[PDB]
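Chain residues, written in single-letter form:
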Amino acid sequence: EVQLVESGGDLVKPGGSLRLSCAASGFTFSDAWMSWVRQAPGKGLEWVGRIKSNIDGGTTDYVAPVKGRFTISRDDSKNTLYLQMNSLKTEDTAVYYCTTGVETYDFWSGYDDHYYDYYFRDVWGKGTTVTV
Amino acid sequence: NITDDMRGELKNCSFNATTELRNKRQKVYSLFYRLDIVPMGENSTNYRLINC
Amino acid sequence: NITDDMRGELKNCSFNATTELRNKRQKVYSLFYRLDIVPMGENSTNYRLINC
Amino acid sequence: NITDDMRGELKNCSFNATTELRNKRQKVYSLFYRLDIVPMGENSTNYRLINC
Amino acid sequence: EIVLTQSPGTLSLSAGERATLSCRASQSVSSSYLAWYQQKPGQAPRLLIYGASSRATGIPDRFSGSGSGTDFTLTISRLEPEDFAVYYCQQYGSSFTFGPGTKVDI
Ligand SMILES: *[C@@H]1O[C@H](CO)[C@@H](O[C@@H]2O[C@H](CO)[C@@H](O[C@@H]3O[C@H](CO[C@H]4O[C@H](CO[C@H]5O[C@H](CO)[C@@H](O)[C@H](O)[C@@H]5O)[C@@H](O)[C@H](O[C@H]5O[C@H](CO)[C@@H](O)[C@H](O)[C@@H]5O)[C@@H]4O)[C@@H](O)[C@H](O[C@H]4O[C@H](CO)[C@@H](O)[C@H](O)[C@@H]4O)[C@@H]3O)[C@H](O)[C@H]2NC(C)=O)[C@H](O)[C@H]1NC(C)=O
Ligand SMILES: *[C@@H]1O[C@H](CO)[C@@H](O[C@@H]2O[C@H](CO)[C@@H](O)[C@H](O)[C@H]2NC(C)=O)[C@H](O)[C@H]1NC(C)=O
Ligand SMILES: *[C@@H]1O[C@H](CO)[C@@H](O[C@@H]2O[C@H](CO)[C@@H](O)[C@H](O)[C@H]2NC(C)=O)[C@H](O)[C@H]1NC(C)=O
Ligand SMILES: *[C@@H]1O[C@H](CO)[C@@H](O)[C@H](O)[C@H]1NC(C)=O
Ligand SMILES: *[C@@H]1O[C@H](CO)[C@@H](O)[C@H](O)[C@H]1NC(C)=O
Ligand SMILES: *[C@@H]1O[C@H](CO)[C@@H](O)[C@H](O)[C@H]1NC(C)=O
Ligand SMILES: *[C@@H]1O[C@H](CO)[C@@H](O)[C@H](O)[C@H]1NC(C)=O
Ligand SMILES: *[C@@H]1O[C@H](CO)[C@@H](O)[C@H](O)[C@H]1NC(C)=O
Ligand SMILES: *[C@@H]1O[C@H](CO)[C@@H](O)[C@H](O)[C@H]1NC(C)=O
């Protein structure tokens with residue numbers, strides 16, 4: 001079983017800062033690409049940004065309307081993902097979620113990568129908030 | 001064009017073989033003598049080599 | 001029915017084993033002594049044989 | 001920062017290596033000399049070890 | 001960024017009917033990045049399908065999609081009570097933006 005254990009939600013104003021985070025359970029982050037998405041009440045899903053595994057460079061990608069004030073980093077010890085937000089807008093009220101794709105390839109043999117069992121799990125945190 | 005004496009003696013078998021690379025597979029077909037293969041399926045065209 | 005001195009001493013382990021044909025696989029389970037297996041991922045149902 | 005004389009001499013290669021467990025694979029990043037690898041297809045980064 | 005819209009704006013189907021929902025990209029994002037998610041209100045969205053084909057593990061086989069250029073779609077072969085949720089498409093054309101969210105209702 002794979003879980004993103006999300007925490008750090010709090011009551012904040014735009015004139016402040018907030019760090020939200022997710023600790024993995026079962027799944028580790030040494031090969032985990034991770035992304036934050038937010039949903040304002042009454043709205044659809046807006047991508048915030050993505051961080052690649054540190055083994056692949058640690059490169060990040062951010063969505064223009066949230067760029068700079070919302071950034072993403074990784075712990076690499078206790079499997080924790082962080083979203084650090086500073087100097088926010090009144091438009092940033094939303095439920096934020098952390099998400100990742102879990103790819104499992106269980107091979108039938110150690111001599112050929114032809115026959116195997118491929119399992120794909122979309123794992124989400126519970127949802128935490130940024131308030132105004 | 002098979003004479004009567006050879007009916008059922010040869011079969012045209014297709015299979016997936018390994019290649020030089022661990023992640024690449026090739027389709028190979030060959031002609032086998034009937035004495036070298038043993039059917040695993042009853043009416044199916046599934047056969048296996050005699051010594052596996 | 002396991003006595004106290006046997007707690008836990010034995011484990012019922014299932015796994016996907018290879019078989020005679022490369023494209024076939026089988027589910028096998030067996031009883032192992034705890035001293036022959038090592039937990040993978042701290043406390044988890046996943047275990048590997050001690051000498052792998 | 002590569003001296004002109006070494007441009008094209010080294011390549012950074014990512015591959016899928018086997019692991020201790022038969023059913024698992026790991027991603028490995030290593031630095032190869034160009035003399036030890038060959039391209040497979042052209043206009044592509046698919047390269048393989050020279051003697052496979 | 002990538003702009004996705006949906007059609008119909010709302011679905012009004014009974015369980016057992018084919019609740020087809022389609023979407024459109026302004027950008028010609030390859031189908032290899034298409035995904036659809038089912039969000040039961042109050043819950044995190046659940047991936048149904050990705051790569052305009054591969055089903056996520058644990059997802060019922062009543063869910064299947066397709067698509068090409070700007071035209072992408074999700075088919076629920078038979079609508080069931082478990083499907084009365086908001087559906088979104090996502091197109092990773094170097095950004096995973098999403099469409100607005102379309103409710104399946106009766
Ligand atoms: C070494 O081993 C690794 C093993 O990991 C291998 O890398 C994998 O290669 C396979 C194919 O060889 C890839 O599988 C295909 O992926 C296709 C599209 O998947 C898309 O989505 C992936 C998940 O990320 C998304 O989803 C989550 C969940 O919602 C979400 O959180 C994220 O935000 C995100 O939206 C994504 O990883 C994937 O990345 C693709 O694109 C990059 C380049 O852009 C490319 O490098 C990757 O290879 C990959 O294509 C992509 O965005 C999918 O369409 C395809 O489906 C086929 O199979 C199914 C059956 O399952 C059929 O139904 C379907 O028609 C297709 O035939 C397939 O699933 C897999 O994703 C790779 N893994 C990685 C790391 O991404 C390497 O190739 C091996 N390398 C060497 C050196 O040999
Ligand atoms: C050789 O491999 C190919 C690709 O895996 C096989 O084609 C698939 O075979 C399975 C059954 O084993 C079918 O369910 C798929 O629909 C086939 N897909 C395609 C692309 O045709 C092919 O059958 C294998 N050959 C042998 C000897 O079985
Ligand atoms: C052996 O392989 C089977 C598949 O043939 C594994 O079964 C999977 O078990 C997990 C755990 O519930 C499920 O999520 C998958 O859906 C199952 N796969 C399928 C396709 O049914 C089984 O766990 C494997 N056993 C081990 C641990 O080796
Ligand atoms: C194959 O056999 C048929 C008779 O069944 C014959 O008419 C035909 O010419 C033969 N083919 C060749 C190449 O000779
Ligand atoms: C194929 O050969 C078998 C003999 O092994 C014969 O009984 C069968 O009728 C033949 N089928 C066809 C289509 O020629
Ligand atoms: C196993 O132990 C239980 C008590 O925990 C007992 O009721 C049961 O009869 C025992 N089974 C056998 C086969 O002895
Ligand atoms: C399995 O055995 C161990 C060791 O004796 C014990 O700690 C654990 O609680 C047991 N679990 C179950 C489900 O009986
Ligand atoms: C790499 O080369 C550039 C010149 O092309 C130079 O400006 C830069 O400082 C070099 N990198 C390092 C780490 O010195
Ligand atoms: C990569 O190296 C080759 C020489 O092997 C050179 O021709 C090519 O222009 C280089 N490409 C980049 C992006 O540096």
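All residue numbers refer to a per-chain count from 1 along the written sequence rather than necessarily to the numbering of the entry. Residues that lack coordinates are not shown. Chains and ligands are labelled by the order in which they are written, letters from A for the one and numbers from 1 for the other. For clarity, the chains displayed are a part of a larger assembly, and the values are limited to that part. Note that the side-chain values use all heavy atoms of the structure and ignore hydrogens as well as water.

- Its PDB header names cryo-EM as the technique used to obtain the model and reports a resolution of 3.54 Å.

### Focus on the overall build of chain A
Part 1 of the argument: Of the regular secondary structure elements, chain A holds zero helices and ten strands.
Part 2 of the argument: Along its sequence from the N terminus, chain A presents helices and strands in the succession β-β-β-β-β-β-β-β-β-β.
Part 3 of the argument: Overall, chain A is about 60 × 30 × 25 Å in size when its C-alpha atoms are taken along their principal axes.
Part 4 of the argument: Within chain A, the proportion of its 132 residues that are buried is 47%.
Part 5 of the argument: The contacts of chain A with a sequence gap of at least 6 include a subset with a gap of at least 24, amounting to 52%.
Part 6 of the argument: Per-residue and other accessible areas follow the Shrake-Rupley method at a 1.4 Å probe size, with only the shown protein chains counted as cover for residues. Of the roughly 6,300 Å² of accessible surface on chain A, a fraction of 47% belongs to carbon and sulfur atoms.
Part 7 of the argument: The positive count covers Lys and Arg only, the negative count covers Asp and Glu only, and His and the chain ends enter neither. A single reference atom marks each charge: NZ on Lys, CZ on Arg, CG on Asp, CD on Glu. Averaged over its 13 positive side-chain charges, chain A has a centre that lies 13 Å from the centre of its 17 negative ones. Helical segments are the DSSP runs of H or I of at least four residues, strand segments are the runs of E of at least two, and each set is numbered from the N terminus. Exposure categories follow from relative accessible area, calculated using a 1.4 Å probe and restricted to protein chains: below 20% of the type maximum is buried, above 50% is exposed, and the middle band is partly exposed. Note on definitions: a residue-residue contact is assigned when non-hydrogen atoms from the two residues lie within 4.5 Å.

### A look at the layout of surface pockets
Part 1 of the argument: As a volume, the second largest pocket reaches approximately 770 Å³.
Part 2 of the argument: The definitions used throughout rest on a 1 Å grid laid over the protein atoms alone, on which a cavity is an enclosed set of points accommodating a 1.4 Å probe that cannot get out and a pocket is an open set flanked by protein within 12 Å on both sides along at least five of seven lines; lining residues are those having an atom within 4 Å of a point. Lining the second largest pocket are 21 residues, and of these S14(B), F15(B), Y47(B), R48(B) and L21(C) sit closest to its centre.
Part 3 of the argument: Sorting the residues of the lining of the second largest pocket by element identifies β1 (10-18) and β4 (47-49) of chain B as the ones contributing at least two each.
Part 4 of the argument: At six residues, the largest contribution of residues to the lining of the second largest pocket is made by β1(B).
Part 5 of the argument: Put simply, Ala, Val, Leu, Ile, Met, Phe, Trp, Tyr, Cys and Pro go in the nonpolar bin, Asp, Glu, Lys and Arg in the charged bin, and everything else, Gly too, in the polar bin. By residue class, the composition of the lining of the second largest pocket is ten nonpolar, six polar and five charged. Grid points are joined across faces, edges and corners, and a volume is the space filled by probe spheres set on the points.

### Quick word on the sheet that holds strand β6 (residues 70-74) of chain A
Residue and element names in this part refer to chain A.
Part 1 of the argument: Paired strands are those between which DSSP finds at least two bridges. Read from one edge of the open sheet, four strands run β1-β2-β7-β6, paired in antiparallel fashion. A single partner strand is all that each edge strand has here, and the edge strands are β1 (3-7) and β6. Averaged over neighbouring strand pairs, the angle between their axes works out to 20° when direction is ignored.
Part 2 of the argument: Sheet analysis places β1 next to strand β2 (residues 17-25), joined by five bridges and oriented antiparallel. The residue of β2 that forms the bridge with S7 is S21. Here an axis means a line fitted to C-alpha atoms, over the contact stretch when the element is a helix, while the angle between two N-to-C directions is reported on a 0 to 180 degree scale.

### Description of the state of the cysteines
Residue and element names in this part refer to chain A.
Part 1 of the argument: Two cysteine sulfurs form what is called a disulfide whenever their separation falls within 2.5 Å. With the rule as written, the count across this model stands at two disulfides over all chains.
Part 2 of the argument: One disulfide bridge connects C22 with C98, the sulfur atoms lying 2.0 Å from each other. Residues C22 and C98 are joined by a disulfide whose S-S torsion is about -100°; by sign, that bridge is left-handed. Linking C22 in strand β2 with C98 in strand β8 (residues 94-107), this pair joins segments that are 76 residues apart in sequence.
Part 3 of the argument: The class of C22 is buried, set by a relative accessible area of 0%.

### Looking at the pairing of β8(A)
All names here are of chain A.
Part 1 of the argument: In terms of strand pairing, strand β3 (residues 34-39) meets β8 through six bridges, oriented antiparallel. Bridge pairing in β8 places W36 opposite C98.
Part 2 of the argument: Alignment of β8 against strand β10 (residues 128-130), held across three bridges, turns out to be antiparallel. Residue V95 lies in a different strand from β10, and its bridge partner there is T129.
Part 3 of the argument: Two strands pair when backbone bridges link them, and β8 and strand β9 (residues 116-124) are joined in this way by nine bridges, in the antiparallel orientation. Note on β9: the bridge partner recorded for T100 is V123.

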